[PDB]
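Novice: To start, I am sharing the structure in question, which I have written as structure tokens.
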Amino acid sequence: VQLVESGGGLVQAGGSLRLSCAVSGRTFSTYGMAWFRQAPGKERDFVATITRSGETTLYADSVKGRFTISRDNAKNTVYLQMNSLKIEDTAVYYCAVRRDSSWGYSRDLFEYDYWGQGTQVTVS
Amino acid sequence: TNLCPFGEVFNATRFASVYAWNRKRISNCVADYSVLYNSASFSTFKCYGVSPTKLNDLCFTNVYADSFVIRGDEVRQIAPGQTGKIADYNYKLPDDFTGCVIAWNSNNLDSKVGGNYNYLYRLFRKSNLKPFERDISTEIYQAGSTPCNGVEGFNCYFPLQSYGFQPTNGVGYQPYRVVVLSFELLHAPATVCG
Amino acid sequence: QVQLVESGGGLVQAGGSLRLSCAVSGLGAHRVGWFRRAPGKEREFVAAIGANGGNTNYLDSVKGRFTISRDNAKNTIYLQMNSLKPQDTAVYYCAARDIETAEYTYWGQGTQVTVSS
Ligand SMILES: *[C@@H]1O[C@H](CO)[C@@H](O)[C@H](O)[C@H]1NC(C)=O
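Protein chains in written order, with our numbering: chain A, 1 to 124; chain B, 1001 to 1194; chain C, 2001 to 2117.
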């Protein structure tokens, strides 16, 4: 039971790199999704999340308008679209996952199962 | 015809401790949670046993509102069917829990320069507390190894422990204001709807 | 057990409400209460004061409650010693909750008063 991450590289301003992440476990039904971004061991800041049922989508204010998330059931590969590259985007990206299902919004680091590796993009 | 006093609970000047929580009932009003559910002003909006959207088209006869302040990492004990020190000795949520748990950071008010020591919690008792039951007592519990039988000395401790806040504390030690609003249904007509 | 100084000493007159005082280090959320012993004995309870500033425990000898002071800024703990019991002369130390869990230790000093009339 671990985490698998794909995607990443180096892209300058005005580019794109999808940041996908998949769960090989069978508990995808009752596990929510969350995202965090911090390269130098900084405190993890909320990026985006999806509710358990899937009608409501919640995002951080900064990433609103560019970042977009989606839910997958064929391979349980939750997708995030990253665009509008900036200098501060050069950071380690974490694929956080919520615990057992609960109707609501989680925007804190109180509980999370696994911490991913992720990739960072360097802009010249 | 008047809105429910949910804002009064949200904007209380002071908050009760975990062992002295205040229950304020809600009745004879209608609550419109649409403006606040999407306001994103709450960092935790868990709703066990009911969807947040579905409860709008439903009427609840009785509403129980509880308020207490605990640590950022101490909210695990507040969950249905969960065993923990806070659940056993301070505040226990029953398995048949249909309320919505709302919590948010309180660094602006609860945490301040100089430290705060007003809050308390209990850790010593004979058995676990019954859910939705609160007991306040000054009896000094004594360990079975060495009974003082009249004083608080060796193997004899007062149940209450002082509890502290300060800005220099980490994120895990940060205060969090926790409000739980429970809803139930009965054969009597409901005075609270959505 | 680094630096917890106290004060005391007096044999002027007994029968009144002469007070005793000491000081403690940075305690924060720590419970403090002085203890005294007896000749050929030890570990006799006196009082216990919480860190809230409002929680107070009293001895069976003292009737109900008496005057106790505690300054959070100065970090000082005071005791109620009213009625100046003629046989209640001993060594007083401002021991913390060494028996309890979330208080490290304090057993490092002691003060005495021998007022008589
Ligand atoms: C809570 O009440 C006080 C006193 O009227 C007011 O100043 C404050 O703005 C209220 N809280 C919010 C979030 O408006």
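No residue lacks a Cβ here, since even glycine has one placed at the ideal position from N, Cα and C.
To the nearest angstrom, report how far apart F2035(C) and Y1033(B) are at their CA atoms.
Specialist: Distance between the alpha carbons of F2035(C) and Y1033(B) is about 56 Å.
Novice: Examine the Cβ distances between the segment 1140-1148 of chain B and the segment 1092-1101 of chain B and report whether three or more of them are shorter than 8 Å.
Specialist: They do not touch, by the three-pair rule.
Novice: For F28(A), report the span of its beta strand (DSSP E) as first-last.
Specialist: Note, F28(A): premise wrong, no beta strand (DSSP E); not H, not E.
Novice: Mind checking which residues open and close the alpha helix (DSSP H) that includes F1158(B)?
Specialist: Per DSSP, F1158(B) belongs to no alpha helix (DSSP H) and is neither H nor E.
Novice: Which residues in chain A have a C-beta closer than 8 Å to the C-beta of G1072(B)? List them in chain order.
Specialist: Ordered by position in chain A, the residues that pass the 8 Å Cβ test against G1072(B) are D108, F110.
Novice: According to DSSP, is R1076(B) helix, strand or coil?
Specialist: Note: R1076(B) maps to helix in three-state DSSP.
Novice: Less than 8 Å between the CB atoms is what I'm expecting for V1069(B) and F1010(B), so what's the real figure, rounded?
Specialist: At roughly 14 Å, the Cβ-Cβ gap does not stay under 8 Å, so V1069(B) and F1010(B) are not in contact.
Novice: Short of 8 Å in beta carbon distance, which residues of its chain neighbour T90(A), apart from the five on each side in sequence? Order them along the chain.
Specialist: If we look at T90(A) and ignore the five residues flanking it on each side, its Cβ neighbours are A39, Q120, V121, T122, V123.
Novice: I need the straight-line Cα distance from residue 1989(C) to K2085(C), nearest angstrom please.
Specialist: Nothing about residue 1989(C) can be reported from this structure: the residues present for chain C run from 2001 to 2117 only.
Novice: Which residues of chain A have a Cβ atom closer than 8 Å to the Cβ of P1052(B), listed in chain order?
Specialist: Correct list: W103, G104.
Novice: Quick one, are the C-beta atoms of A34(A) and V92(A) less than 8 Å apart?
Specialist: No; because the gap between Cβ atoms is not below 8 Å, this pair is not in contact.
Novice: Check whether the Cβ of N1011(B) sits closer than 7 Å to any heavy atom of ligand 1, and report yes or no.
Specialist: Yes; taking the cut-off as 7 Å, the Cβ of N1011(B) has a heavy atom of ligand 1 nearer than that.
Novice: At a CB-CB cut-off below 9 Å, which residues of chain B make contact with residue 2128(C)?
Specialist: A query on residue 2128(C) cannot be resolved here, the shown segment of chain C reaching from 2001 to 2117 and no further.
Novice: Grab the span of the beta strand (DSSP E) containing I50(A) for me, first residue to last.
Specialist: Element bounds for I50(A): 46-50.
Novice: Whose C-alpha, out of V2113(C), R2031(C), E2100(C), is nearest the C-alpha of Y2092(C)?
Specialist: Comparing Cα positions, the closest option is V2113(C).
Novice: Taking only beta carbons into account, state which residues of the segment 2081-2112 of chain C come closer than 9 Å to chain B, listed in chain order.
Specialist: Against chain B - using a Cβ distance shorter than 9 Å - the residues of the segment 2081-2112 of chain C are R2097, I2099, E2100, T2101, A2102.
Novice: Tell me the residue span of the beta strand (DSSP E) that contains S70(A).
Specialist: 68-70 is the extent of the beta strand (DSSP E) around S70(A).
Novice: Establish whether the CB of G2064(C) and some CB of chain B are separated by less than 8 Å.
Specialist: No, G2064(C) lies away from the interface with chain B (no Cβ there is under 8 Å from its Cβ).
Novice: At the 8 Å Cβ level, is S53(A) part of the contact set with chain F, yes or no?
Specialist: Absent from the structure: chain F. Protein chains present are A, B and C.
Novice: Suppose you measure from the CA of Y1119(B) to the CA of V1178(B); what does that come to, to the nearest Å?
Specialist: Cα to Cα, the separation comes out at about 13 Å.
Novice: Are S24(A) and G7(A) close, meaning C-beta to C-beta below 8 Å?
Specialist: Contact: no.
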